[PDB]
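One chain comes next, on its own, written out as structure tokens in the form deposited in one PDB entry.
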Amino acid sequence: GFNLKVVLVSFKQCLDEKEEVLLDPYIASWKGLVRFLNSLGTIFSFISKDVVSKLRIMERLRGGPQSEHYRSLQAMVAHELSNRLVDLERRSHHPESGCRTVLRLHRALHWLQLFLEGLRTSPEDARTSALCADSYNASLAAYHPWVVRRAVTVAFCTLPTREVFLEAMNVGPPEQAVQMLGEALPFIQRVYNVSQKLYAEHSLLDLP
């Protein structure tokens, strides 16, 4: 019943007719990713908590007195910039602003998209560990302190084989998994592109 396709396709729900990035569905989709990650039984389950803690921050903003301004990422950015609830230069009175919090998930989404795309078009003899590192170095690595970068990089060598990873998506044999990624990744890509435009245009790509 539960599989990676269900999660990827849930990202369709994150964009409305005006391509507002809706926060509730975004959270729901990320909870799907966490459940998938935890199902893989790798050492990276050690880091699921960081995602979960970030989702809870966002859920608490959605449960608060300004909940309506957190309905979409676009609304969130407008509200937090106009009320100075985002630390722009250095961490200060708003260490857990919606803007800086969502940024971390967004960067991770970028990594995930690069990793899954890499996997989708990889040769049969490609190593999962290499797909992960190359995509990590492309993306998330620059935002992590050296101690984290080095530990993550080493941990990559302990990942399952390409075949096992594809089968773990639970959508059939590797060949079916590969076609699934092609049909489903565009949903996560669209969410990423719209979110990246939002952050880029507001010069928020480097929030502390």
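Each residue number is its position in the shown sequence, starting from 1. Note that the rigid core is defined as the largest set of C-alphas that superpose within 1.5 Å between two forms.
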Fitting on the rigid core only, I'd like to know which of the two stretches, 72 to 80 or 118 to 126, ends up farther away in Cα terms in 5 other deposited structures of this protein. 118 to 126
In 5 other deposited structures of this protein, superposed on the rigid core, which stretch sits farther off in Cα RMS terms, 63 to 71 or 44 to 52? 44 to 52
For 119 to 127 versus 81 to 89, entry-based mean Cα B-factors point to 119 to 127
Return whichever of 10 to 18 and 189 to 197 has the greater mean Cα B factor according to the PDB record. 10 to 18
Going by the CA temperature factor in the entry, name the top one among 36, 70, 46, 30. 46
Should residue 138 be placed in the lowest, middle or highest third of its chain by the C-alpha B factor in the entry? highest
Please place residue 157 in the lowest, middle or highest third of its chain according to the CA B-factor in the PDB entry. highest
Among the modelled residues of this chain, does the Cα B factor of residue 177 put it in the lowest, middle or highest third? middle
Lowest, middle or highest third of the chain for the C-alpha temperature factor of residue 151? middle
Taking only the Cα B-factors deposited for this chain, tell me whether residue 164 sits in the lowest, middle or highest third. highest
